[PDB]
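Chain by chain, the residues run as shown.
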Amino acid sequence: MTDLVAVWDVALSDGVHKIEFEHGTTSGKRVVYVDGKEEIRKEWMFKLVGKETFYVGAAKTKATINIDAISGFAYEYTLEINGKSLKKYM
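Residues numbered from 1 in each chain as written, not as in the entry; some residues may be left out. Heavy atoms only, no water.

Method of determination, as annotated in the archive: X-ray crystallography, at 1.76 Å resolution.

Here we look at the nonpolar core
Put simply, the rule is: As used here, the term nonpolar core means buried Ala, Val, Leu, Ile, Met, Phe, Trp, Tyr and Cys residues forming a set that is joined through side-chain atoms within 4.5 Å. Note on classification: 1.4 Å probe, protein chains only; a residue is buried when its accessible area is under 20% of the maximum for its type, exposed when over 50%, partly exposed between these limits. Note on conventions: DSSP H or I runs of at least 4 residues are helices, E runs of at least 2 residues are strands, and numbering of each starts at the N terminus. Any two residues whose heavy atoms approach within 4.5 Å are treated as being in contact.
Counting residues in each nonpolar core, the largest one holds 20 residues, and the members touching the most others are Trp8, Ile19, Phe54, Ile65 and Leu79. Those elements that place two or more of their residues in this core are β1 (4-12), β2 (15-23), β3 (30-34), β5 (50-56), β6 (61-70) and β7 (74-81). When residues of this core are assigned to their parent elements, the largest contribution, five residues, is made by β1. Those residues within four positions of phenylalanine 54 in sequence are excluded, and the remaining contacts are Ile19, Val32, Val34, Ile40, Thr61, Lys62, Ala63, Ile65 and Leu79.

Considering the side chain of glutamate 52
For the record, the criterion: Polar contact criterion, stated in full: a pair of N or O atoms within 3.5 Å, where within protein one must be able to donate a hydrogen and the other to accept it, and residues adjacent in sequence count only if both atoms are side-chain atoms.
One can find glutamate 52 in strand β5. Take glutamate 52: its relative accessible area is 6%, and that puts it in the buried class. Within the structure, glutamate 52 has its side chain in polar contact with the side chain of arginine 30 (distance 2.8 Å). What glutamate 52 contacts, discounting residues up to four positions off in sequence, is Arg30, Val32, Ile40, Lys42, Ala63, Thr64 and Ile65.

What to know about the sheet that holds strand β8 (residues 84-88)
Operational definition: By the convention used here, strands pair only if DSSP detects at least 2 bridges between them. All axes here are fitted lines through C-alpha atoms, helices being fitted over the stretch that makes contact, and every angle between N-to-C directions spans 0 to 180 degrees.
Strand order in the open sheet made by the four strands is β5-β6-β7-β8, with antiparallel pairing throughout. Two strands in the sheet have a free side with no partner beyond their single neighbour: β5 and β8. Neighbour-to-neighbour, the strand axes of the sheet open up by a mean angle of 20°, direction not taken into account.

Focus: the pairing of β7
Strand residues, when the strand is regular, have side chains that alternate between the two faces of the sheet. Burial analysis of β7 places six of its eight residues in the buried class, which makes it a mostly covered element. In this structure, β6 lies alongside β7, joined through eight bridges in antiparallel fashion. Bridge assignment links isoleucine 67 to a residue of β7, and that residue is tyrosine 77. Linking β6 back to β7 in an antiparallel pair, the connection comprises three residues, with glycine 72 at a positive phi of about 80°. In sequence, β7 turns back onto β8 through a hairpin of two residues, with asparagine 82 there showing a positive phi of about 50°.

As for unusual backbone geometry
A positive phi is found at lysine 60, a non-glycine position, where the angle reads about 50°. The residue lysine 60 is located in the loop between β5 and β6 in this model. Looking at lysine 60, the relative accessible area reads 54%, which means it is exposed. Despite not being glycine, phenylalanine 73 shows a phi value in the positive range, around 60°. By the element assignment, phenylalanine 73 lies in the loop between β6 and β7.

This is the structure we're talking about:
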């Protein structure tokens, strides 16, 4: 996972899940892994900002990763599940 930018460790109704996100800032590639399995892949995109939505665990809990621009030509990555959220950036 050479473009890994964020990892979230969450506890849902059905146990703990690991969500990993790769984001390529030259290619625009996005990959979301949940519990080691690819759930979303976008190989190549012009734009970097936006959101991906996907479903986690046996109960298919909705999760959204938002990608927003911040200072210094950087991005922040926010995972939101059930109205709570945790931001990552480097």
